[PDB]
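Peer 1: only geometry, no sequence info:
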Ligand SMILES: *CC(=O)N1CCO[C@@H](c2ccc(F)cc2)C1
Ligand SMILES: *CC(=O)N1CCO[C@@H](c2ccc(F)cc2)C1
C-alpha cells in the first residue's frame, strides 16, 4: 500500500545520454544505435536565438563541428541532418547500451518520466504530464536541453519528449523525438505564452480511485451524475471535458473498487464545489492530475 | 526553473537488484561484490511471521535453500549469515555492475530515492524521507521487500534503507544495510504503532527557499521571529523543533535569496497560523517537507 508519484527506473536512458558541443554551446543528446538526437539550437549563439534561420546557420557547420562525448570518450560524427527542431548526428559507433525503443508523440494528459541531465550526465528523474496547453512543468536549468521524457513498456523505452525551451513563465516546451514541438512553440528567444493550464480530469479520477484503493475514502459521497452535468461543473473549474473514452479507460479501476465512474465523477464534483476543507487525499491538499489510469493500475499491481 | 520532487537516477541500483527465493517466499536482494543482502524474513512462512525465532528457523536452511537469480541466471550461494534483520548471502561471483558504495544509517528528515522492485526487477523510482517517527510513506506491494533506499554522491551510492514491513496503518518500516530497523519496529506480524508523524521543519524552510528561488513569493511576510518564539508555534503545529544546526544548514539558501533564516521562519509561522487561503507554493496546497536543504541546493544548481 501507499501511492507515490513514481518515475520509471532511468538506467536504460542513462545509458543513452551524451554531451553535444557545437562551438561554445553544450547540451545533452540521446544516443540510440549510431545516431545522436539533440536540439538543433545547439548550433546557435544566444545572439542567433533572437531570430535564427537554422538552415542558414547549419550551412556553416560540418560533421567535425559537432563534438559528441559519451562518458569521457569522443564519438566520431560521420553524418548530420536536421529533422524539424532536432539534429540527428550519425556517429561511427552504435551505442552498445541502446535499449529496445520507439519514438511516440503523446497526447495532452499523458504522463512520462524525465531524466534531467547536464553535460550528458543524469542529475535526477521525475514524473511529468504533457499539460493540456502542451507545456510541461519540469525542473530544468541551463544545459538541461536534450534531456528526454519516456515511458517503459517492460523492456521497450518509448521516448516521447526532448527538452528545448523555458517560456517566460518558467514552464517548459519541447519536441517529440522527430523534432516536432508539442503545442505552437518555436525554438526562438521570443515571448511565447501558454494557453489555459486545465486540470486533466480523467487523471484526477484515476488518482481518486488510487486513493480509495489505499484507504483514503472520506471524500466518497452518496451522489452520482451524468457526463453532461459533470462537464458543466468541469468547464466552470477549468477541468478538461470528460469523454466516454475517459470513462472506458477508468473501467478497470471502477471494477476493482465497485465505484461506478459517474459516482466518482459526482464525488469530484462535490470536491470542486466544497473544496478539501483542510483535509488531504494521498497526502495532497489539492487534486492530483499527473497519474493516468494506466499509471494507477501499473503502480497498484506492481508491473516491472 | 521549476522545482520537482526528484529521485536519483536509478541505473547504478538497477544493476544490483536480484530475486531471492527461500522455500515459497520470493523477495528482492541487493547484490554488491560477492554478497547478496535481503530481509531475513525470506526464510519465513507467514505462519512463521506470527512469532519467528530467526536463529532457530535459520538452522533448517543451507546455502542451497537460498535461490538467487540475477536476470535469468542463478548465482551459486557458497555462504550465508544473519546480521541483525538482514541475510548476507555469499555468492561465487562478484556483481560486475557493483557501483562504488557505502552503507549509511540516515537521521529522521533525511531524504532518499527508493527503487521499488518485484522478483528482483525494478518497477519504479520515487523520493522519500525517513519520518521523525522512523517510518517512511512508501509505495510497496507484496514482493517489494528487499527494495532499497539510496542517495548518490557523484559515483558513490550510499544505501540507507531496505524495505521490510508495512505497519497496519499502511506506512512502511525497514532497516539500514546492517539490518538494524529505523525506529522500534521488529520483523514480526504483530500490531506495531508509529509515533507522531511530525513535519520536518528544516525541510519545509528549504522548500520555501526553493519556492522563492523559482518565483513563488506571495507568502514572504514583513515579520521575523526567534528560534524560541518560532518553536512555540512549531510545537503547537506538530512541526519538529528547529535548532541552530538547521539554521546553519539553511545558510546557503539564506545567502542566495537574501532572506535571513529567522525571517523565513516568521513567514512559515504565518503560513501555519493563517493557512494557504486556497493558494499554492510550487504547485502544492500544503507545506512540503521531503526536500532537504542539500536537495534544494543540488536541484537548484544541477549537480550530476
Ligand atoms: C535548455 C538549455 O540547456 N538551454 C541552453 C541553451 O539554449 C537555451 C535556449 C533555448 C531556447 C531559446 F529560445 C533560447 C535559449 C536553453
Ligand atoms: C514486503 C514483502 O514483500 N512482504 C512479503 C513477505 O513478507 C511480508 C511480511 C513482512 C513482515 C511481516 F511482519 C509480515 C509479512 C511482506
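Peer 2: Received the coordinates, thanks. Residues are numbered from 1 along each chain as shown, chains lettered A, B, ... in the order given. Ligands and ions are numbered 1, 2, ... in the order given.

Peer 1: For residue A:141, give its distance to residue A:174.
Peer 2: Noted for residue A:141: a distance of 15 Å to residue A:174, by CB to CB, to the nearest Å. Every C-beta, even on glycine, is put in place using the N, C-alpha and C of the backbone.

Peer 1: In terms of packing, which of the two has more residues around it?
Peer 2: residue A:174 (31 against 16; other CB atoms under 10 Å in any protein chain shown).

Peer 1: for the helix or strand the more buried one falls within, packing partners?
Peer 2: Assigned by DSSP states H and E, residue A:174 belongs to strand A:172-175. When contacts are defined as 3 or more CB pairs under 8 Å, 6 or more residues apart in numbering or on different chains; DSSP states H and E, strand A:172-175 sits against strand A:156-166.

Peer 1: Tell me the strands beside the strand it packs on, with direction?
Peer 2: Sheet pairing of strand A:156-166 (DSSP bridges) gives strand A:100-103 (parallel), strand A:148-153 (antiparallel), strand A:172-175 (antiparallel).

Peer 1: how about it, does it reach ligand 1?
Peer 2: Yes - Strand A:156-166 is in contact with ligand 1 by CB under 6 Å from any ligand atom, via A:163, A:165.

Peer 1: Buried residues of that strand, list them for me.
Peer 2: Neighbour-count burial for strand A:156-166 flags A:157-166 (criterion: 16 or more other CB atoms under 10 Å in any protein chain shown).

Peer 1: just the strands in chain A please.
Peer 2: In chain A, the strands defined using DSSP state E lie at A:17-22, A:25-32, A:35-39, A:66-70, A:73-75, A:77-83, A:86-91, A:100-103, A:111-118, A:121-129, A:148-153, A:156-166, A:172-175.

Peer 1: re the thing from before, most tightly packed of the strands paired with strand A:156-166?
Peer 2: Highest mean neighbour count among those (mean count of other CB atoms under 10 Å in any protein chain shown): strand A:172-175, with a mean of 27.

Peer 1: List of residues touching that strand?
Peer 2: The list of residues contacting strand A:172-175 from outside it, by CB atoms under 8 Å, 6 or more residues apart in numbering or on different chains, reads A:39, A:84-86, A:134-138, A:140, A:149, A:161-167, A:181-183, A:185, A:192, B:2.

Peer 1: what distance separates it from the middle of the whole chain?
Peer 2: Distance of strand A:172-175 from its chain centroid, counting by CA atoms, centre = their mean, to the nearest Å, is 9 Å.

Peer 1: cool, stretch A:123-135 as well?
Peer 2: The answer for stretch A:123-135 is 4 Å, by CA atoms, centre = their mean.

Peer 1: What's the end-to-end length of that stretch?
Peer 2: End-to-end span of stretch A:123-135 (CA to CA, to the nearest Å): 22 Å.

Peer 1: wait, does that stretch contact chain B?
Peer 2: Yes - Stretch A:123-135 is in contact with chain B by CB under 8 Å from any CB of the partner chain, via A:123-126, A:128.

Peer 1: In a markdown table, list those along with neighbour count and distance to residue B:203.
Peer 2: Output for those, formatted as a markdown table (neighbours: other CB atoms under 10 Å in any protein chain shown; distance: CB to CB, whole Å):
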| residue | neighbour count | distance to residue B:203 |
| --- | --- | --- |
| A:123 | 24 | 20 |
| A:124 | 28 | 17 |
| A:125 | 29 | 20 |
| A:126 | 25 | 17 |
| A:128 | 23 | 23 |
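
Peer 1: Would you mind giving those as JSON lines with distance to residue B:211 added?
Peer 2: As requested, the residues of stretch A:123-135 next to chain B are exported to JSON lines (distance: CB to CB, whole Å):
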{"residue": "A:123", "distance to residue B:211": "20"}
{"residue": "A:124", "distance to residue B:211": "18"}
{"residue": "A:125", "distance to residue B:211": "22"}
{"residue": "A:126", "distance to residue B:211": "17"}
{"residue": "A:128", "distance to residue B:211": "19"}
